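J.:
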Amino acid sequence: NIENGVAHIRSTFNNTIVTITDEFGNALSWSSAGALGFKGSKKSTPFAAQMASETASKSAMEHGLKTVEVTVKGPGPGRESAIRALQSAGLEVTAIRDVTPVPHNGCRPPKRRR
Amino acid sequence: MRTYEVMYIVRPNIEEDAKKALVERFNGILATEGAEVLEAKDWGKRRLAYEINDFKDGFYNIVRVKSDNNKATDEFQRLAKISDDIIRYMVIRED
Amino acid sequence: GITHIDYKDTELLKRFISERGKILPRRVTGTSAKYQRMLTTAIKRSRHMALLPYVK
Amino acid sequence: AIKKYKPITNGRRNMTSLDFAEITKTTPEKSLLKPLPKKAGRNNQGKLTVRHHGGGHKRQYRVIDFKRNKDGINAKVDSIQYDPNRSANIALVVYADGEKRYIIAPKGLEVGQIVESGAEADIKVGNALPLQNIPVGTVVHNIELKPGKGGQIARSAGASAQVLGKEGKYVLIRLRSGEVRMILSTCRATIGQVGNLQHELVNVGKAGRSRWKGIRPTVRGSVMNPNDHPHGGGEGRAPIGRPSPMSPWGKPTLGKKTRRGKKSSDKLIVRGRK
RNA sequence: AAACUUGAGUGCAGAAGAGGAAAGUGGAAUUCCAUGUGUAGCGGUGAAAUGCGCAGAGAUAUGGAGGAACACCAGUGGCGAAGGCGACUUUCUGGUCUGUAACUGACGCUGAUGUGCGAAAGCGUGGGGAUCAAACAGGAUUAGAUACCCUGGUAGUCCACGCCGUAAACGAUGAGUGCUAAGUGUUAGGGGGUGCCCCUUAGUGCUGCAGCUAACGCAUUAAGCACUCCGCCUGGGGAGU
């Protein structure tokens, strides 16, 4: 799955994960908070993701495509520190899906009415 | 032994008839099983230095209430949080 | 569910304190009477890791 | 609650009755009663189709409003009476205009309570409105199946349903038999749960008390003759002696399903019973 | 009986205790699957892993999920009886303490009301059984080990509602003494007045010397000697029968 990189960035206040995968579910690289090593509540801050995905978007040598399709989800102190992380990694940031896990429980049954 | 200075503020829009029944409940939990107070007062039209909940006015009735059973400044604190009757209170433990 | 300060806040522990950082007076604020309880909570909590000088 | 009896007789050794404490009035409306002929397991031909159905105490049907199509007007509860043709209790509701019928009394209902109906109604116990106006995660009862046809689901004492979703052509709702299924959300449904939750803890105790409800004795099919039941003939106490137990009309009655296939509402059922 | 005192009574001014967070919008998971560290990934062995179709089959950065919901403020805390709290978070509930005495004045037995309070299996387990986990499939030796290890795998661990009771409750270690070395910490709060001289000491961690104890060992909180009922060894036994 070369010339493509559908990455999914997770924004939280504890252990922020921002890995870059390929079009198909397959982890091409493994480097983030788990491969970091900071128990001082700094693995989910603005410098966390940037440094966590630094080697992840540098030791790829397979994907690293111009597109990243960053899918940020969930509230976090440095939520805008992961979208720019990929932009400073060497690629760029364009596709952004702003949809966190906060359903409003709103569905509709039969139509054919008002 | 354990004196308490409660300076609770009432709502800016309350009828005197209901105000008398409002202070009666507050005084009932303050003068319960022995009042042992100093002197009661009744402040009226006045302006507060600080603003809280962007109101317009607020009736005053701060009275010293010395206690030994420690049950006069009990419900009062809960009254200015659960229900919407009191806004700014006080919790002084100084003798 | 009430407007409360978190432990992350590091600049919200020395707002109305003296140079040395001792107990603050009751005539130096200007908010509500329920804000004084949070003022004393920022002192005791910041007096364990020596982040707030005891006597500067 | 539940009241026990002192063992003064062998018939009242384990007999347990219900403590009617929720009941307020002991007299029904004279303008809301209809006679009951009591067919007692008999069809139009006169032949017995269903067994175990004898006489019992006389009863009087009480017109119940399962439609609740009186929106705009309010109604205050009058009293909670006892119904013999139902397992739950009924509450006499008084409106304005004229209609004043009975309604299935909810679990948490008291005398002197206002009840509304229609899209523009508050979410309080007793109120009835459309399924689309009910927030997801609410416990409702007396649900309809066809727009303006009357409730047919969750009508038993203690019965209750829970709103889960609205798929895309129906509304998803979990039943009391742990079975999720889609249902049109254009129908109405009462909010809350049915009362009389201690109606399954009652212990008859006497065999003559079952005759009062109208239940005749049930004879076992393993003690009959060969030309009366599959397990008829047999010297002494013998076993089934067949691949699987059969019914009186020679039909498997253990595991074999009977739900007819290719049903109109066979695409509305999401999960099955557990 | 006439009488005043602080050192203790509520604790007189103290600070962390919020005597106590069960928690909806919540977002992070072993399972199905939208669809991924999505197919060797994980539950996974002193040597010894079991688990995931045979007429149609898991791996979790996620996502459409969390629990007995919650990592950090849970501290040699105040501890008032064996008994120190949360995804910040609210309740003052008798109440216990060191330097201090506002108030009357008057000084005992870990105490006859030992409420029979009392980890623990069992008790009012409402609910309970899920990564799982006894047993169980098992895997393993060498001249010797269904053990234990781990594993798909029932129970086994869970909430208000008479109630629930042995302990390493006493580290096999309960009991009113002081005084001939200094302190007296704890969580973090306090003066003489600048924290330099002081701060006796207790709720708690206790620091050895006169004298005892056959010795071991008790001493600014001895078992020397001036203050309570108690009290244990009796045939080793038998006998905890």
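Residue numbers (the deposited numbering), protein chains in the order written: chain b, 15 to 128; chain n, 1 to 95; chain i, 22 to 77; chain C, 2 to 275.
Heads up, the beta-carbon is just placed ideally off N, CA and C, and yes, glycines get one too.
What is the residue span of the beta strand (DSSP E) that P131/C lies within?
T.: Against the fourth sequence, residue 131/C aligns to sequence position 130. Looking at the DSSP string, the run of the beta strand (DSSP E) that includes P131/C is 129 to 131.
J.: If you measure from the beta carbon of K55/i to each beta carbon in chain n, is any gap under 9 Å?
T.: Reading the third sequence from its first residue, position 34 is the one you call residue 55/i. Yes, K55/i lies at the interface with chain n (some Cβ there is under 9 Å from its Cβ).
J.: Taking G127/C as the reference, which of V137/C, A120/C, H142/C has the closest Cα?
T.: By 1-based counting over the fourth sequence, the position of residue 127/C is 126. Ranking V137/C, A120/C, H142/C by Cα distance to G127/C puts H142/C first.
J.: Can you check the stretch 209 to 244 of chain C for any alpha helix (DSSP H) of at least 4 residues that lies completely inside it and give the ranges in chain order?
T.: Entirely contained in the stretch 209 to 244 of chain C, the alpha helix (DSSP H) runs reaching 4 residues are, in chain order, 210 to 214.
J.: Can you list, in chain order, the residues of its chain whose CB lies under 8 Å from that of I135/C, leaving out five sequence neighbours each side?
T.: To locate residue 135/C, count along the fourth sequence from 1; it is residue 134. The residues are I124, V141, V164, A190, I192.
J.: Where does the unbroken beta strand (DSSP E) through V164/C begin, and where does it stop?
T.: Mapped onto the fourth sequence, residue 164/C falls at position 163. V164/C -> beta strand (DSSP E) spans 162 to 166.
J.: When Cβ atoms are compared, which residues of the stretch 24 to 51 of chain n fall closer than 8 Å to chain i?
T.: Answer set for the stretch 24 to 51 of chain n: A49, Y50.
J.: Does any residue of chain n have a CB that is nearer than 9 Å to the CB of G22/i?
T.: One-based indexing of the third sequence puts residue 22/i at position 1. Output row for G22/i: interface = no.
J.: So with Cβ pairs under 9 Å, would you call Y89/n a contact of chain i?
T.: The residue you call residue 89/n lines up with position 89 of the second sequence. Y89/n counts as touching chain i.
J.: Counting only C-beta atoms, is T50/i closer than 9 Å to chain n at any point?
T.: Taking the first residue of the third sequence as position 1, residue 50/i is located at position 29. Chain n contact via Cβ: present.
J.: Of all Cβ atoms in chain i, is any one closer than 9 Å to the Cβ of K81/n?
T.: Within the second sequence, residue 81/n is the residue found at index 81, counting from 1. Interface residue, yes.
J.: Tell me the start and end of each unbroken beta strand (DSSP E) in the stretch 7 to 50 of chain C that is at least 3 residues and wholly inside, in chain order.
T.: Runs of the beta strand (DSSP E) inside the stretch 7 to 50 of chain C: 17 to 19.
J.: Around the C-beta of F38/b, are 16 or more other C-beta atoms found within 10 angstroms, so that it is buried, or is it exposed?
T.: The sequence position of residue 38/b within the first sequence is 24, counting from 1. Under this definition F38/b is an exposed residue.
J.: Please classify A190/C: does DSSP put it in a helix, a strand, or coil?
T.: For the purposes of this step, residue 190/C is identified with residue 189 of the fourth sequence, where counting begins at 1. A190/C: strand per DSSP, three-state reduction.
J.: Tell me whether the beta-carbon of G19/b lies closer than 9 Å to the beta-carbon of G92/b.
T.: Along the first sequence, read from residue 1 onward, the residue named residue 19/b stands at position 5. Along the first sequence, read from residue 1 onward, the residue named residue 92/b stands at position 78. No, they are not a contact pair.
J.: Let me know the secondary structure DSSP gives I9/n once reduced to three states.
T.: Looking up residue 9/n in the second sequence gives position 9. It is a strand residue.
J.: Kindly indicate the opening and closing residues of the alpha helix (DSSP H) around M59/i.
T.: Here residue 59/i refers to the residue found at position 38 of the third sequence. Element bounds for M59/i: 56 to 65.
J.: Starting from the C-beta of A41/b, find all residues in its chain whose C-beta is less than 8 Å away, skip the five residues before and the five after it, and write them out in chain order.
T.: The residue you call residue 41/b lines up with position 27 of the first sequence. Closer than 8 Å at Cβ, skipping near neighbours: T33, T35.
J.: On the criterion of 16 or more Cβ atoms from any shown chain inside 10 Å, does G104/b qualify as buried, or is it exposed?
T.: Numbered from 1 along the first sequence, position 90 holds the residue referred to as residue 104/b. By the neighbour-count rule (16 or more Cβ atoms within 10 Å), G104/b is not buried but exposed.
J.: So, at 8 Å on beta carbons, what are the nonlocal neighbours of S73/b in its own chain, with the 5 sequence-adjacent residues on each side left out?
T.: Looking up residue 73/b in the first sequence gives position 59. Closer than 8 Å at the Cβ level, and outside the excluded window around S73/b, lie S43, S45.
J.: Could you give the distance in angstroms between the alpha-carbon of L45/i and the alpha-carbon of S39/i?
T.: Here residue 45/i refers to the residue found at position 24 of the third sequence. Here residue 39/i refers to the residue found at position 18 of the third sequence. In a straight line, the C-alpha of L45/i is about 7 Å away from that of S39/i.
J.: Between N18/b and chain C, is any beta-carbon pair separated by less than 9 Å?
T.: Against the first sequence, residue 18/b aligns to sequence position 4. Not closer than 9 Å to any Cβ of chain C, the Cβ of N18/b fails to qualify, so no.
J.: How far does the beta strand (DSSP E) with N197/C in it extend, from its first residue to its last?
T.: On the fourth sequence, position 196 is the one that residue 197/C refers to. Run containing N197/C: none; DSSP gives neither H nor E here.
J.: What first and last residue would you give for the beta strand (DSSP E) that runs through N143/C?
T.: If you number the fourth sequence from 1, residue 143/C lands on position 142. Its beta strand (DSSP E) spans residues 140 to 145.
J.: Would you mind stating whether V10/n and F76/n have Cβ atoms separated by less than 9 Å?
T.: By one-based count along the second sequence, residue 10/n stands at place 10. By one-based count along the second sequence, residue 76/n stands at place 76. Not closer than 9 Å, so no.
J.: Using a Cβ-Cβ cut-off of 7 Å (strictly less than) and excluding sequence neighbours within five positions of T32/n, which residues of its own chain qualify?
T.: Here residue 32/n refers to the residue found at position 32 when the second sequence is read from its first residue. Closer than 7 Å at the Cβ level, and outside the excluded window around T32/n, lie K71, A72.
J.: Give every residue of the same chain whose Cβ lies closer than 7 Å to the Cβ of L33/i, excluding the five residues on either side of it in the sequence, and list them in chain order.
T.: Looking up residue 33/i in the third sequence gives position 12. These residues qualify, in order along the chain: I26, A63.
J.: Can you name the start and end residues of the beta strand (DSSP E) that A92/C belongs to?
T.: Position 91 of the fourth sequence, counted from the first residue, corresponds to residue 92/C. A92/C -> beta strand (DSSP E) spans 91 to 95.
J.: Under 7 Å Cβ-Cβ, which residues of chain b neighbour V137/C?
T.: The residue labelled residue 137/C in the question sits at position 136 within the fourth sequence. Simply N119.
J.: Where DSSP assigns a beta bridge to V116/C, which residues make up the other side?
T.: Against the fourth sequence, residue 116/C aligns to sequence position 115. In DSSP, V116/C forms a bridge with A76/C.
J.: Under the assumption that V84/b contacts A96/b (Cβ atoms under 8 Å), give the Cβ distance between them as a whole number of angstroms.
T.: The residue given as residue 84/b occupies position 70 in the first sequence. The residue given as residue 96/b occupies position 82 in the first sequence. Between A96/b and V84/b the Cβ distance is about 7 Å, and since that is below 8 Å, they are a contact.
J.: Considering residue 99/n, what are the terminal residues of the alpha helix (DSSP H) in which it resides?
T.: Since the first residue shown for chain n is 1 and the last is 95, residue 99/n is missing from the structure and cannot be characterised.
J.: Closest to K45/n by CA distance: which of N27/n, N61/n, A18/n, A80/n is it?
T.: Position 45 of the second sequence, counted from the first residue, corresponds to residue 45/n. Checking every option, the nearest Cα to that of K45/n belongs to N61/n.
J.: For the beta strand (DSSP E) holding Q153/C, just list the boundary residues, first then last.
T.: For the purposes of this step, residue 153/C is taken as residue 152 along the fourth sequence, with counting starting at 1. From DSSP, the beta strand (DSSP E) with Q153/C extends over 152 to 154.
J.: Reducing DSSP to helix, strand and coil, say where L79/n ends up.
T.: Taking the first residue of the second sequence as 1, we reach residue 79/n at position 79. Three-state result, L79/n: helix.
J.: Is the Cβ of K125/b closer than 9 Å to any Cβ of chain C?
T.: For the purposes of this step, residue 125/b is taken as the residue at position 111 of the first sequence. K125/b counts as touching chain C.
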